[PDB]
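Asker: Residue numbers (the deposited numbering), protein chains in the order written: chain Z, 1 to 111; chain U, 2 to 242; chain X, 1 to 195; chain T, 2 to 244; chain R, 1 to 117, 125 to 242; chain S, 3 to 233; chain O, 1 to 250; chain P, 1 to 244; chain Q, 1 to 240.
Dropping a structure here in structure tokens format, bear with me for questions.
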Ligand SMILES: [Cl-]
């Protein structure tokens, strides 16, 4: 039977300081015991000083980041180029994820 | 007077749109004729190519609906082709659903019922065409069935359609009074085509070259149209007698 | 949800329904009323799948109340029971059926007779002198076969009902935290506060 | 009366006045032509230069369908585009199911039935374009011309627009003087001349020439635009003939 | 007859232009924007003295930071308000923030032209949408049934609009206080109103960053009416 | 007269009156100018107000980082069409990772406007658009009309008294086309062009609206004190 | 596109007339005369075969149609409208009855279903009424023989005997004199031919007249043997020869 | 488009009337008169057939009086075809109610639903209204014997005695004159026939031009019987009252 | 589906279909609502051209929407049933989800919303009905009286009348009703309602219907004799 999920491995890490914040992630991409790429970035600048990473099943992770990046674009169009605050971005992402509550994005997201 | 714009009854119980669709029939100014032999059914029609720039091979009002059924149209070509495509689809579907080739008279009825719907339903206009279906049916033999915009249809011993239809009709009537039979008592289809052309010449009073005519022939298990050279060969035989 | 009983006597219908609401290894509540008044002289107790029970009971209640306002007239217990049965009969062949069993106790004012109907989640209706749903029946039916008489008073019916509850409290595995008893008669519906 | 107010209504003549009114919009448009040749077809069109501000070569009017069919039209330009969009869908579904690219006669009927369908109801307007189109298939070259009514025929030469009569007259001479046939490269040159001659009927604004062609030998059976040296060669040929 | 979405020879939609005539028949509504807040005021216009005037609801809350006044066929405004309230709350749910006054107005104006042969006709009501946000501060918008909205420093709509607008032209300046704006709405309302202005047949409201959108009591407005009369007699 | 009740009806001379009446709405609209060089493309738009107390109606809309338009006529119709363009530009990016060509943008608008002119019930769009953009084949300027007709140009203008600016650009064609690698000078030429359409009123700080896109310049709009440089 | 005519094309006028129904009846008046007579042991329905052309084969065009083995129909008015009604009438006999009860519907109920179809064309959106009046003759076990008329309005009436179309006024008067409750089937056929001769103008023979009966069961026309309960169709169309035999002793 | 040909059946006049409803009532006023009379021990339904022909089959005919269920019947005035559409709907509605509640449908509930259908055709859908007026005669255990009428507007009212169709003005005056509350069925039968006999447009009232029906409790003990009169039974009741 | 826009604007800014629906209300029998200190009374006219009526079974003019709210109307009778049905359903639906009966304002707002929806929906005409909705909110003793109309506007009234000759009875109420001191008792409120109808009705026999609504779902309809006593009392005081 067809299994729509997969595990692309890797790990990510976010730490916050007083006037800064970091979002790190390794560049390895894998399936089972094979290496797919030694350099495949999964931490992205999404605009409005928001960095994002969706680790787990890469296809779902890419789709999500792609959708959020697009969500930021339309936020500008619909609200007079207003800057999307990090707290607002978080809530927006909750709705993206929960929208597929019954066919989930198999990812651990950090912004 | 919006009762003259759509297909609803006028005070005197008439459908003017249906009546005006009949007048669109003669818009092309072409006369057709159909007759039956012993083994065949022949249909002939005038072919008028006024523009010199036209490709004369593509100018046709005769259609091959199925392998066995042929159809000639009197009316504008867009509506003619509309009817032709539908008839082809209907004949194909019939064969698939019921496991045998659609008879000429059954197809005629089906197209007539479709035409009837346009006379009752408002949003659809009638097609300004008269469809003459011909074949050699495996049960009923040589067959001629004709449909009009009113949704009327009937079988024919022979028939004619067009502006000078009445002259051709009486010409054929007078022949069948004389011969005392329902068909052209002739063995080969070649001579039945010669009969058809001869009697059209007498009725219309015009002479025909090879490019002035268009001929369709129905035999058992196939209907086919004649080329210019097939007609020319046929015209030579008439002249030499 | 577990224990619901019903006894029809001479001049009234008596419904007893357990107070316990259990989820997992915890009795979340011990004062639950497993009944809804459908009309002034019609009462429906219920038991079954969590959520479904109350959702169904209130849905029926709303429909009967809507009828009462529209016609300015109270539907007979027989009419209400038939309506309820049909809703369950529809339900059983739905995508997700109501898993609810009900007893409908009512007093018909036109006939001046009490009436008790037992309907299961399949839409299986029966009029009875006494009824029960779930495992309760396995004890109470044989008990009532013996002690029940058709001409009993409401007070005799309550003593007969006490006899059932005592037997259930003795032999049933689960603690159902006693019962709320309600009486349906010519004067309408009232609750017995000390049982 | 009032028979001309609604589409799909027969007049007492047996005519659909709304379709005839759509023809008036076609007659108002710029001149476009089609020339059938030995092993293919050639299309040409008049582009009126309304202003100096129009970018030359960058308002393309001739359209390709599939990879082997060319379409040009006169009248309401948007209506033409709508028809070509449909043509492309029809051609795609044909190739999808039957594998082979759509034959030109087959394609001609697909448009014909679609345009004819827009004369059947009062809820739609007839097409305000006459479309000249064609190409090369397994059976050789074909040229067609389709009208608002849904009427189409095969043509040796075709013309439509404001200078159709001038173009038709010039086309008739080519058919008479070349019974054995006209070559592809010749037809391109002739096409240019005929557009320039047909421009006499629209001579207030000066114009821009645009030519395309399908040929079994010259373009390998595919539709291509005539550009650069071959275009300028055709323009010069046309310039020499008017003087 | 003729199509609902038909253009006139001058290039205007017949139905939109006719709906504007209905709005001119409506009761007067005035809005004034300042740096201390935005004031909204309306003429109630009771058709009979037996009608309890406090039930006339022509000023309406959309969110805590956005208010709304109406004029014309006021029944048509109910579904517009419903949409605005949902839009405002929905945006807060999706983005954990207050929604921009302009974005709210745009959302309402998207309904306007969703009519034809969607609803059967345009709205017969104009709206004054007043609010505050962090980006563009205190704002006043005039939303029409044409789907168009203009931002205004001050604006009057309804039967006495052209007369009131000419008065607002002279009186408005960029340094108006909130109290000055309150009196100015009352002053101009009293001028254009048929019946004599009092606390029962006229209603005031405002929106401030601190306290949000508030409809004034009849007791509070009565004192502002009394304060207004005294100041005009004082010179 | 009898043939202007709806868009589905042709006149006896072959005219679509509802489409022509939609075209009339553009002529009533405020003037806007478009022009381009080889490196940049510029939109200049005269904004209109209801009165002194009102704001000035925004004429320019951004569609993507490399494309946008100015409007003249029914503003809500421009919002619908610009939103459609935003989606098509966006579809091209998500699916093909490809910036939408300005020419295809025009083709898509043409086909969307056309469908509204051939069907019963609907109506034509009542707005004209000037689309500018920079894609893989350099700078572009398009003129959209709600009849469906889209035209690529070096420069143009639409709205009331647009003939004055259109004549100026027709004279200045050879000059402004070669303003390469110089944004401010190309804008100056556009501001001088729109000035030929002014009557009684002059260009003020909250009246003028300018937008620009080019080789190393995303589509950006300038309003308020940012356009004081060009007065 | 799409059918935008979702509104009634038949409406009440100030005087209370339903114009389209009245005009449909006018179309029936113009139509060729047809009639029906009910006997004690059968029913007869008859009409003139108005030929459009002498080249046309009038045998192919059937004005009298079998609906069920025991029910037949004839009309006056517009032929195409009649043809499609017969198709719909045959189908509804199966879908709304035979596929449910395993037997053919009685005359009155089939008539009711046809009437329903004609009524809907009077009220439904974007359609005109049918331009025909039907005469439906039939037999069933519990009601015996019966004859019904159905009008464009959807109204139907049972008749002992009647006529519709061109010369219906004179034909009905003729039938009033000749009809009695003791008529045998052969007597009814004789009267039918007499009544029809008055309205017919040209040739009067088996080739220009179409006539069918609802009478005794016909085992020979059943097509199979072995089931005693199945005894054959009561509907029979009289041949051209069978008519001419009765025209000699006229 | 199609707007051109729309009659707009569901609109108001300047005076606030529904054109099509008013014209449908005008249509009904030419239909054969139908009378309903409610007595203490039953209900009478009498109706006049529309100009009968001598060759019309009278015994196996149904034009005016229709049975909805065992306890409820209706007299029709207007288009018969329209009435049959509504009758089949009413028959189905009665069976739905019985299926749901295991009780025969109360008369008013059936009448209201049928009247609500008519109302719908006057407010939406763009279709012509049903050109029909009903007289409902029925019994239930709540209100006992009941007479109602509904018309194309979808408005219904209850009556002791009522007429619909032609000459209702004259008919209602005669009923109002001779009707009284303590009336019996046999007396109501006589009143119904006498009223038709005077209001008829025919020369003389005969058995072949009438449809007649009663709803009595004349069955054996506490149950209702519907009697649709046969031709011979109408002939006898006409002689018995001295009309022929 | 039938789509036609029947309710549309005219050049002068009027929606004629809505205004013609008001004419239908003006044709309808008179209805009056008067609210006292602790009650509301709904009075209704019944035209006397209809004798041989059966008043047992004839639809009553005042309808119960819930046990605590009532609705009377003027205009097309058939139209009113549709609004009443919808209101009754919404009343039960509110109890089901909010676990509390509707307020009179909420019920009015709903009915008014329905009426408005029919003024800008395709294929439908406006309701030819204006309603008077009266009652008491749950656990509240303040009387409520609201009015709706075809356009969809609604408002609260101390006293109000609708229907034919309503301008006459409104004139009467405007001078006879004191805001500072409303009818203190049930008798006073009923009398003022009957008085106001007697300005228009004709005879005080079987032409006037009166329904009294009191707090906590206490609604009762007066009989002929009970109403006739008010008629007899008023006429004797009049002769002065
Ligand atoms: Cl068919």
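Ideal Cβ positions, reconstructed from N, Cα and C, are used throughout, including at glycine.
What is the DSSP secondary structure of residue 178 of chain S, reduced to helix, strand or coil?
Answerer: Note: residue 178 of chain S maps to helix in three-state DSSP.
Asker: Quick test of the definition: if touching needs 3 or more C-beta pairs under 8 Å, does the region 97 to 105 of chain R touch the region 132 to 144 of chain R?
Answerer: They touch, by the three-pair rule.
Asker: Counting only Cβ pairs nearer than 8 Å, list the residues of chain R close to residue 124 of chain S.
Answerer: Neighbours of residue 124 of chain S on chain R, chain order: 5, 116.
Asker: Starting from residue 145 of chain U, follow the beta strand (DSSP E) in both directions and report where the run begins and ends.
Answerer: Per DSSP, residue 145 of chain U belongs to the beta strand (DSSP E) from 142 to 148.
Asker: Taking the beta carbon of residue 140 of chain P as the centre, do at least 16 other beta carbons fall within 10 Å, making it buried, or is it exposed?
Answerer: Flag for residue 140 of chain P reads buried.
Asker: With a threshold of 8 Å between beta-carbons, can residue 96 of chain S be considered close to chain Z, or not?
Answerer: It does: the Cβ of residue 96 of chain S has a partner Cβ on chain Z nearer than 8 Å.
Asker: Please determine, among T:109, T:23, T:193, T:44, the residue with the shortest C-alpha to C-alpha distance to residue 80 of chain T.
Answerer: Ranking T:109, T:23, T:193, T:44 by Cα distance to residue 80 of chain T puts T:23 first.
Asker: Would you check whether ligand 1 has a heavy atom nearer than 7 Å to the C-beta of residue 106 of chain U?
Answerer: Outside the cutoff, so no.
Asker: Identify which residue in X:172, X:155, X:163, X:162 has its Cα closest to the Cα of residue 12 of chain X.
Answerer: Of the listed residues, the one whose Cα sits closest to residue 12 of chain X is X:155.
Asker: According to DSSP, is residue 145 of chain S part of a helix, a strand, or is it coil?
Answerer: Note: residue 145 of chain S maps to strand in three-state DSSP.
Asker: Taking three-plus beta-carbon pairs below 8 Å as touching, is the region 15 to 30 of chain S in contact with the region 75 to 89 of chain S?
Answerer: In short, these stretches touch, since the Cβ pair count reaches three.
Asker: What first and last residue would you give for the alpha helix (DSSP H) that runs through residue 27 of chain P?
Answerer: Segment 19 to 28, the alpha helix (DSSP H) holding residue 27 of chain P.
Asker: Tell me the residue span of the alpha helix (DSSP H) that contains residue 39 of chain O.
Answerer: Segment: none, residue 39 of chain O is in no alpha helix (DSSP H) and carries neither H nor E.
Asker: Can you find a C-beta in chain U that's less than 8 Å from the C-beta of residue 67 of chain O?
Answerer: So no, residue 67 of chain O is outside the interface.
Asker: My guess is that residue 136 of chain P and residue 147 of chain P are in contact by the Cβ rule of under 8 Å, so how many angstroms apart are they, rounded?
Answerer: Their Cβ separation, rounded to whole angstroms, is 7 Å, which keeps residue 136 of chain P and residue 147 of chain P in contact under 8 Å.
Asker: Residue 89 of chain Z: which of R:5, R:52, R:92 sits nearest, CA to CA?
Answerer: Measuring from the Cα of residue 89 of chain Z, the nearest candidate turns out to be R:92.
Asker: Who are the near neighbours of residue 192 of chain X in its chain, counting only those whose CB is closer than 6 Å to its CB and skipping five residues on each side?
Answerer: Around residue 192 of chain X: 181.
Asker: Please state the DSSP three-state secondary structure of residue 58 of chain T.
Answerer: Coil, per DSSP.
Asker: Does at least one heavy atom of ligand 1 sit under 7 Å from the Cβ of residue 222 of chain U?
Answerer: No, the beta carbon of residue 222 of chain U sits no closer than 7 Å to any heavy atom of ligand 1.
Asker: Is it the case that the region 43 to 51 of chain T contacts the region 202 to 217 of chain T, given that we only count it when at least three CB pairs across the two stretches are under 8 Å?
Answerer: With the cut-off at 8 Å, the region 202 to 217 of chain T and the region 43 to 51 of chain T touch.
Asker: Using alpha carbons as the reference points, say which of U:217, U:242, U:241 lies closest to residue 231 of chain U.
Answerer: Residue U:217 is the option with its Cα nearest to residue 231 of chain U.
Asker: CB residue 176 of chain U to CB residue 200 of chain U, shorter than 8 Å?
Answerer: Yes.
Asker: Who are the Cβ neighbours of residue 187 of chain O in its own chain at under 8 Å, not counting the five residues just before and after it?
Answerer: So the qualifying residues of the chain are 39.
Asker: Below 8 Å on C-beta distance, what does residue 52 of chain Q contact in chain P?
Answerer: Within chain P, the residues near residue 52 of chain Q are 159, 160, 161, 162, 172, 175, 176, 179.
Asker: Given a cut-off of 8 Å, decide if residue 161 of chain T and residue 33 of chain T are closer than it, judged by their beta-carbon atoms.
Answerer: For residue 33 of chain T and residue 161 of chain T, yes; Cβs fall inside 8 Å.
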